[PDB]
Every structure is written in structure tokens, then in C-alpha cells.
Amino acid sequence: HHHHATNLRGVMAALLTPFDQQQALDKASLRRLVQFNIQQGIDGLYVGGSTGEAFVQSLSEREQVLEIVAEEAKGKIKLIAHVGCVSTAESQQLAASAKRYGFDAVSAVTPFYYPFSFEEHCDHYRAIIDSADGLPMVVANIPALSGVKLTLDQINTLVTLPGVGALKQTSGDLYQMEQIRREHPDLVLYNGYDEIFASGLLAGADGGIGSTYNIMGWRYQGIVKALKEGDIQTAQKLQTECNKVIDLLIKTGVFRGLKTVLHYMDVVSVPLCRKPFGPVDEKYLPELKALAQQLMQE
């Protein structure tokens, strides 16, 4: 039974990490972006994730973000720390830091690059969980970036590791999504792919964690509500609108396209991702500007 992490369910923005033209942490843009999310009406933030550019950061720089975010939002919203690295030891330290700063849960993407066994994946989550010292874990499953494809049985076994009470399921397999839900009726189950949120909710996901929620996170809230109320037509209406914007972001690069729109909304000073992520192309700037305006009026 997963009633232990039931408080973690809902729509949660995957926190982008702001930087300057020196490629340093921009801490005033982080604060600005957190508060911006809080006032959109988000249920929480997922910090230092892929969307967070965690794998172009030092542990120190991840800790500094963790610390600021908690200072800004602890007790206002649910806060989840993505602590995952390839190394178990690196992931434990981050997991220790998140605890110190008063996060509500820790999370880790399956460790990547080297092909570790399933046994070696489970020991890893147990290690972080223990270092989390009371914080429940969100298993992050994002096969398209990690190259770790997990089966149902494997997943099943991970989300019943003691101390686990949630799954970031960034997978387009909406059959697997239903099986997870049918099998784990209590489990907090984060639809992971913004562009399928509605369908994912329908298949048994009870919220999400996504990149695009930083710039229109109320639209996703509307989807949850519209389907709890039997208004499929508005849920569809909202998903379509979300996906015209995801279409744009895909063309421009997702995280830096998001950053750019946050720049025009007066939230982020410098809309750059860390190298080797290049700059957005100037030809999308008119469409990212127009989008910044559409979304502020809404």
C-alpha cells in the first residue's frame, strides 16, 4: 500500500535552472521563477531534474538551487528534489542536502551511460532512500534520455521498494500506465510527457511533472478538474492548446525555448542553457514573444 506518500499527488512544475552569460547560476532569476510558479497556482516544484539541467551541474551548484528553492517555497507548496546522478554516492549526498533544506520527497532518474543490472538499480534507490532519511522517493523513469528501458515487472518491483511512494512516468506507453495504476491503486503516478497529460490522466495518472508547466501550469490544472467533472471537451480543448506550444518548443529546443518565454514574461534575465546547449535561433523569437503575450493575458 502506497498511502504513505499520498500527500505528493498533483501537478508539479519541473523547475528550470536559470543561468547568466557567464554560464553561472542566476539566483535572482531562480527566486523570480519559483515565486512565479507559486502564484500560477502550482502544487509543487521538481528541482534539479532533466528539465533542471542537472547533468551539466556540479553537486555544489545543485545544492545551492535546492537551498534557495526551499527558502522560497517550503510550506507554500510541495517540493521534490531530483537528487539523481550516475554515482550512488553523489546521489546520496544530494539526498542528504535535500533533507537538510526541508524538501518533501527525493527523486532519482535510473542511473545511465554504463548498463547497470536491475539488481544494481534497486540497491541504488535503496541507498538514496536511506540517505533521504524519511523523505519518500520518486522513481524517475525517462527511457528516452537514460536509455534504460524498464519492463512492467521491473517497474513494479521498484515502486514497492520500501520508502517509495511515487513514480515519474515519462513514458508514452499508456497501456503500461494503466497496468501500473491497476496494479498500484494507491501509488502517486506522475504522467511525465506534457503532450499526453490528458490521455495519461485518463489511463490512470493522477497528476504530472513536466517542463512546460513553468509557463502555463494552470492549463494542466484545468485538465485535471475538467476530467474530474466529466468535461472531456475542455480537457481536449486545453491539451490541444498545450500541444501547439509544445510543437513550437520542440522546434526551438524545449528547455531553452521555455527559458526564453520566461524571459519575455519578465521572470528570467538570461534565457540560456549551459553548453553544449546552444542559443535559440532568432527566427523563433517573434513566435516566442507572441506566445509570452498570449499567455500573460490568459
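Sequential numbering from 1, following the sequence displayed.
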Inset, instruction - Select between 224 to 232 and 74 to 82 the stretch whose C-alpha atoms have the higher average B-factor in the entry. - result: 224 to 232
Legend entry - 137 to 145 versus 155 to 163 - which carries the larger mean C-alpha B factor in the record: 155 to 163
Inset, instruction - Could you check 57, 51, 29, 39 and tell me which one carries the biggest Cα B-factor in the deposited entry? - result: 39
Legend entry - Chain-relative CA temperature factor third for residue 112: middle
Inset, instruction - Would you please rank residue 192 by its C-alpha temperature factor against the other modelled residues of its chain and give the third it falls in: lowest, middle or highest? - result: lowest
Legend entry - residue 203 by Cα B-factor - lowest, middle or highest third of the modelled chain: middle
Inset, instruction - Using the B-factors in the PDB entry, rank residue 150's C-alpha atom against the chain and give the third, lowest, middle or highest. - result: highest
Inset, instruction - Comparing against every modelled residue in the chain, figure out the third that the C-alpha B-factor of residue 11 lands in (lowest, middle or highest). - result: middle
